[PDB]
């Protein structure tokens, strides 16, 4: 029972089977199997694992995938399960930045099913919040195609899965703090006012992957979805804790509170972390802890943290373990001295404010 209340529980999902997805031609490709085992091992080292309720992985079904993806796309990825290597190579090469092994399809299904089980546990009160240590990632995957190490859009599917077991209009916030724009998530929800998508990402006037002006601040959503897509694009600066904290203070949290989400999904890539070989930014583990802590003030604390990217194995292990520590209710660690904001970060924050003040009274 929870008569009289009870201490909130944090769920954790991790299944070593998701390590089987691998790059048979470049075994040093940074989207490594041991991304998830290293993160899991750090949770054991820090004694966080035994404090969590372990949530089992499961496979997503093909009908669950159709919540966001076309039958053609599902069928093509499914067909890779039985391909020979030369045909896996050719099929991967048809996409932007995709490698495929015979286990990729099953691993993508497990990453999605793990997050469905976690959202289910949160929404039915089995746990208050959860962390999902999953791969391959999701947020670059589109309705019709794979992209950027992602086959199916785990976070987008989880938002639709949540609506499917509560009510169609359940308000879901997705905060995407992966250093890359989540092009797939933006596109899936661009006309939808029930899912608010807020992405922070390195942009560089369109030069940074995925190299599209869709990631710019002026893309605010379409139709009913106008105002429900918030891009915070970083240009010309080595961004870190001061800039992300300022973005949360001026943009993410005011908009999120006004939206009043009923569930928060974090597309939690850690490739903006200090030390990441791809992102080039310097968010610290303590910074990620503070971002997590702020999001826990939303949705009565119903937050699911979903691993996306992040490629320095030590950085992502420490950063995601910080986030779990915050979900468990530990007191936030001290931030380093916040250097004054990079001046271009103020420019970006002010551009987003101008783009979104028409839709959010909290910004006016």
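Positions refer to the first chain, counted from 1.
Residue 63 is built in all of the other entries compared, counting only those with both neighbours built, so it is not a gap in a third. Where the other entries of this protein model the residues before and after it, residue 337 is dropped from at least a third of them.
Higher mean CA B-factor, judged across 250 to 258 and 287 to 295 from the recorded values: 250 to 258. Note on 107 to 115 vs 93 to 101: mean CA B-factor is higher in 93 to 101.
Among 220, 195, 245, 175, the highest C-alpha B-factor recorded in the PDB entry belongs to 220. Set against one another, the Cα B-factors of 308, 45, 31, 336 in the record reach their highest point at 336. Among the modelled residues of the chain, residue 10 sits in the lowest third by CA temperature factor in this PDB entry. The deposited CA B-factor of residue 20 belongs to the middle third of values across its chain.
The deposited CA B-factor of residue 212 belongs to the highest third of values across its chain.
When the CA B factors of the chain's modelled residues are split into thirds, the value for residue 74 lands in the highest one. Sorting the modelled residues of the chain by their CA temperature factor places residue 181 in the lowest third.
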